[PDB]
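>>> once you've seen the sequence and the experimental structure below, I've got questions.
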Amino acid sequence: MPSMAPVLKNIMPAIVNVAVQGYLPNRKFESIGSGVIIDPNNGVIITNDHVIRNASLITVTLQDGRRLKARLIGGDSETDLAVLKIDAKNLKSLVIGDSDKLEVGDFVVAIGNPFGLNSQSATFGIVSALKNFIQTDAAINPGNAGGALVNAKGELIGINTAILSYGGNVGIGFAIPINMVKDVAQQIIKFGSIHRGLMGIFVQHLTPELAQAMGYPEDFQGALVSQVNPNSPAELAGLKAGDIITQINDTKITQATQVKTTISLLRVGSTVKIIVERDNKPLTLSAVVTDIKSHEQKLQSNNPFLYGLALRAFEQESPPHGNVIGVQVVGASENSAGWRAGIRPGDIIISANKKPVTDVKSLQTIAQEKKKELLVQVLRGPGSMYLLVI
Amino acid sequence: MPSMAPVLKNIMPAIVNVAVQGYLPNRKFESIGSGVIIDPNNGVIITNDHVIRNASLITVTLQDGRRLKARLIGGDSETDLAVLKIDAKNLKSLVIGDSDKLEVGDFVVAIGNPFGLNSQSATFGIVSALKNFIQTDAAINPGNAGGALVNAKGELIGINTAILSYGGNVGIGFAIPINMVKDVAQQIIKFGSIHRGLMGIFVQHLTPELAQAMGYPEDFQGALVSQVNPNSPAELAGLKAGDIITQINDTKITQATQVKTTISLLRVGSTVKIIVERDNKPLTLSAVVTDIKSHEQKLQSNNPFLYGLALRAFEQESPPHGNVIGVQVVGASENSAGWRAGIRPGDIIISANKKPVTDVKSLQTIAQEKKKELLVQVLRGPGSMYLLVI
Amino acid sequence: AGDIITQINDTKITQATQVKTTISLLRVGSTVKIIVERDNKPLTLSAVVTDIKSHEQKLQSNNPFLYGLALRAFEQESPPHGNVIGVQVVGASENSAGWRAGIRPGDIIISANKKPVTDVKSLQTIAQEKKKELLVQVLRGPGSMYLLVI
């Protein structure tokens, strides 16, 4: 007779309980979930960042009734993963699969603790879709989070995370593929965390309708680039709106949504090779993943007194003033060095450092002048005002 | 290791998205569901009539991202099926199974798009019951409608349609057996639609309790005939209340509910052989499926001025009138040639074409008289009235 | 504009609302003889009636994809873009060729059919290239999207 016990038996202790206590800064809360042992010797354990979030104590419980105090090595919420360490020895694991060999229709068993139990719950199904989730109809309910999704030979291939559904299993659960898991695990393990980078690209799905419309076979495949922001690594590398990304380093691109998932795993400083069909010619591009703090910080020292604004040219007969000629503020970043000194949306900058301000460029050449402050002169409907922008 | 991928791989593109837009005459609505390709060369596609209903545009999307405009060849709601055509080529299919070889306990995979996705969702289970539905515990949620239910060798054996359950999968889904599907598909394909017929039979389930009670072994099997309406094909063929239908053309009858499902697939004009145990003697009967419009229309020209009424004999001392002798209207079809001329329920027809009207037969022999109108004389409580029935 | 109507065909015209009543009665194909005052010089004109739905068609035809959308030159310094230049879409008919294709009012069309858009004319120039489609590169806030208009 066929059975899934022969493999499940060896591997259950690899899966653990994860109970969590604490309070949310916006109330006490107990938050129960699951977890997996990926380094029996160092006690390295994986779980969902959402389970352990806002924890003071993280109690793990293995199969043998051992209740252990756990420590959070590091935990990225954007991929909703967290690494854990426990100082007990005599721990078991399971082999770590390769999520890329998985095929829709593969059999699959989810291991976790939905609702209560203290030893563990296992449930059966197939792989139903690949996205960056894995979809499965193997049951997954509250408490399954952080637990294991293993293949027909018992190899860790996924960490179960979400359901679609007043939310019972319904037959649609989501797990992160294990390849991703290894990837974020070592980074967190190693650097203690993940530094995400910027690119300066916006990317949309290539409809055959589109591919064709740009002179391509209606089964050409890739991700259409709609914008490339200026002074962004994407543009340094020499990318352009219109380009179709076909390939990023190793990964092959057939959907837009892939580009974001390949990249948002790269450490700051990572080179990324971008193969990009452009006007039927193929051209390999290299871009550097840079620091989202420094980059912001850089454009700020680049465009100094004027960063965070949205300007335009203005020419109007306006009582009481007469004929207004300045630049018009069309918006203002509330944390902008503009807004702080007083500039609100709607204002007309008709002067700066006692010079006449005509077009947007006339104003920028004035902020060009090396000083510690911009002395700006604004209108605000019927009345004016000077404002000192530092 | 065992797997369902080896077969699912070849057959997924056979299944499609079906999005639908429009408004209900009783509001704009988007109505998403699924669909299957049963003629890769002619682009013949099946789905549930309920998905495509009230559509203006029917957008299909195959696996390769091709978004196609679709046309409704024809669609029967009573079986909730619809045939679709699309003018693209390079389409794949799957083999069409035989729903009659299926056996409770067979493994089975449902393919469709519950909720969003644009490529497709597949889910596993067994065949749980046969009814005219197929029951399965393979997951089925909103958006699965119109999609495929295939057997352990990947052959189309069903079109998933309904769930039992604020309605998630719960493990009880319904698909129409494919044999039925072929049947309605060609008819719609061919004649562009299905003309359902009349019989004039009412049929109930033969309890052993009943079978025995009519002098039969308590494991005799069939459908008990409770009524046979007059001038109905059932009666022409020579059927009778009391008879037990054992067999209809090819099909073998073991439940009542079968009779309705075998017959409501027959084109107007179809002969239907009915084998029927009667007083322990077997007698084969042949009946003709006739037109439900003409048949109504026929009884109407048969019984002319009196169709749609429910009459009875009446003899009462009634102030102010004295002793009333007429026929009593006990009801009236609101769309009856009676009701329109004025006759309401409760009326006493005490005369017609200036002759005395005593018993129901006395009235019918008068409507017998060939003319263009019946001049009828009614009472209505304390007062009377003449009414001209055309 | 600025013309004063004196009479339509034979019917002389003494009031403003005379006109609308006179016309709506005329069968389509007829040939109206409008006589008009322009700077004290009376002038006589020949114009031909046509059907409303038929007309609308002429409007949809003479302009392939930009029908139903109000348009004006755009220039602004706009994070995260830098200095945007394109034509801004002011209004987009509920049933405009573009509204179907995905356009919403507000969008700033920086390129069409792979060519840079600047003034309003440049876009139409481009929209007259004898094509099956218009591929419009819009901006929407801090975001870009490509649209195929048909």
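Thanks, I have the structure now. Numbering: from 1, shown residues only, chains lettered A, B, ... in the order given.
>>> contacts only, for the residue in the stretch 151-300 of chain A that chain B sits nearest to.
Closest contact between the stretch 151-300 of chain A and chain B, by C-beta to the nearest C-beta, is at residue A:171 (3.0 Å). Where you see a C-beta, it was placed from the backbone N, CA and C, and this is true even at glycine. By C-beta atoms under 8 Å, 6 or more residues apart in numbering or on different chains, the residues touching residue A:171 are A:125, A:137, A:139, B:123, B:139, B:141, B:168-169, B:171.
>>> mind running it again at 7 Å?
Counting by C-beta atoms under 7 Å, 6 or more residues apart in numbering or on different chains, residue A:171 touches A:137, B:123, B:139, B:141, B:169.
>>> likewise for residue A:83?
Contacts of residue A:83 (C-beta under 7 Å, 6+ apart): A:44, A:46, A:73-75, A:185, A:188-189.
>>> each with direction, which strands does the strand or helix carrying it pair with?
Counting by DSSP states H and E, the element that carries residue A:83 is strand A:82-85. Strand pairing for strand A:82-85, using DSSP bridges, gives strand A:44-47 (antiparallel), strand A:67-74 (antiparallel).
>>> neighbours around residue A:321, how many?
Using other C-beta atoms under 10 Å in any protein chain shown, the number of residues around residue A:321 comes to 15.
>>> hmm, residue A:379 and it touching each other?
Yes - using C-beta atoms under 7 Å, residue A:321 makes contact with residue A:379 at a distance of 6.4 Å.
>>> pick out the residue closest to the middle of chain A.
Chain A has residue A:78 as the residue nearest its centroid, 4.7 Å off, counting by C-alpha atoms, centre = their mean.
>>> contacts only, for it.
Contact analysis of residue A:78 by C-beta under 7 Å, 6+ apart lists residue A:264.
>>> now with 10 Å?
When contacts are counted by C-beta atoms under 10 Å, 6 or more residues apart in numbering or on different chains, residue A:78 touches A:49, A:184, A:194, A:196, A:264-265.
>>> number of residues surrounding residue A:368?
10.
>>> how close does it sit to chain C?
15 Å (C-beta to the nearest C-beta, to the nearest Å).
>>> likewise residue A:179?
30 Å.
>>> also residue A:113?
With C-beta to the nearest C-beta as the criterion, residue A:113 and chain C are 42 Å apart.
>>> these two touch, right, that residue and residue A:51?
No - judged on C-beta atoms under 10 Å, residue A:113 makes no contact with residue A:51 at a distance of 11.0 Å.
>>> can you redo the contacts of residue A:83 as CSV with neighbour count and distance to residue B:4?
Converted to CSV, the contacts of residue A:83 look like this (neighbours: other C-beta atoms under 10 Å in any protein chain shown; distance: C-beta to C-beta, whole Å):
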residue, neighbour count, distance to residue B:4
A:44, 21, 33
A:46, 26, 28
A:73, 17, 38
A:74, 19, 38
A:75, 23, 35
A:185, 22, 30
A:188, 22, 35
A:189, 16, 36
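>>> redo those residues as CSV? Include distance to residue A:231.
Listed next are the contacts of residue A:83 as CSV, based on distance: C-beta to C-beta, whole Å:
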residue, distance to residue A:231
A:44, 40
A:46, 38
A:73, 36
A:74, 31
A:75, 32
A:185, 34
A:188, 31
A:189, 34
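>>> farthest pair in the residues you listed?
Spatial extent of the contacts of residue A:83 (C-beta to C-beta) is set by the pair A:44 and A:75 at 13.1 Å.
>>> which neighbours do the two share?
A:83-84, A:188.
>>> got the buried residues for stretch A:141-157?
Residues of stretch A:141-157 classed as buried by neighbour count (16 or more other C-beta atoms under 10 Å in any protein chain shown): A:141, A:143-152, A:154-157.
>>> and for stretch A:304-321?
So, applying 16+ other C-beta under 10 Å, buried residues of stretch A:304-321: A:304-314.
>>> again with stretch A:275-289
Under the neighbour-count criterion of 16+ other C-beta under 10 Å, stretch A:275-289 has A:275-277, A:285, A:287-289 buried.
>>> with secondary structure and distance to chain B added, can I get these in TSV?
Converted to TSV, these look like this (DSSP: H, G, I helix; E, B strand; the rest coil; distance: C-beta to the nearest C-beta, whole Å):
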residue	secondary structure	distance to chain B
A:275	strand	20
A:276	strand	19
A:277	strand	16
A:285	strand	25
A:287	strand	27
A:288	strand	32
A:289	coil	29
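>>> and stretch A:257-268, how far apart are its ends?
21 Å (C-alpha to C-alpha, to the nearest Å).
>>> before we move on, what about stretch A:33-50?
End-to-end span of stretch A:33-50 (C-alpha to C-alpha): 10 Å.
>>> only the buried residues of it, if you could.
Buried residues in stretch A:33-50 (16+ other C-beta under 10 Å): A:33-38, A:40, A:43-50.
>>> these in helices, which ones?
In this view, the buried residues of stretch A:33-50 that belong to helices under DSSP state H are A:49-50.
>>> tell me which two of the buried residues of stretch A:33-50 sit farthest apart.
Distance extremes for the buried residues of stretch A:33-50: the farthest pair is A:40 and A:50 at 25.0 Å, using C-beta to C-beta.
>>> okay, now the domains of chain A?
Domain assignment for chain A, taken from curated CATH domains, gives A:1-191, A:192-302, A:303-390.
>>> next, the residue nearest to residue A:329 when sequence neighbours are not counted: phi, psi?
What sits nearest to residue A:329 in space, not counting adjacent residues and going by C-beta to C-beta, 6 or more residues apart in numbering or on different chains, is residue A:347, at 4.6 Å. Backbone torsions of residue A:347, given as degrees, to the nearest 10, read phi -60, psi 150.
>>> same deal with residue A:10?
Main-chain dihedrals, residue A:10, degrees, to the nearest 10: phi -70, psi -20.
>>> any idea how far it lies from chain B?
From residue A:10 to chain B the distance is 15 Å (C-beta to the nearest C-beta).
>>> hey, where'd the helices end up in the stretch 51-200 of chain A?
A:178-191 (DSSP state H, counting those that start in this stretch).
>>> residue numbers of it in contact with chain B?
Residues of the stretch 51-200 of chain A lying close to chain B (C-beta under 10 Å from any C-beta of the partner chain) are A:102-108, A:124-129, A:131, A:135-138, A:151-154, A:163-172.
>>> report the buried members of the residues you listed.
Judged by 16+ other C-beta under 10 Å, buried ones among these: A:102, A:104-108, A:125-129, A:135-138, A:151-152, A:154, A:163-165, A:169-172.
>>> so what's the residue of the stretch 151-300 of chain A closest to chain B closest to, chain neighbours aside?
Once flanking residues are discounted, residue A:171 sits nearest to residue B:139: 3.0 Å by C-beta to C-beta, 6+ apart.
>>> run a quick neighbour tally on that neighbour.
Count around residue B:139 with other C-beta under 10 Å applied: 28.
>>> wait, it sits on residue B:147?
No - if you go by C-beta under 10 Å, residue B:139 and residue B:147 don't touch, sitting 11.4 Å apart.
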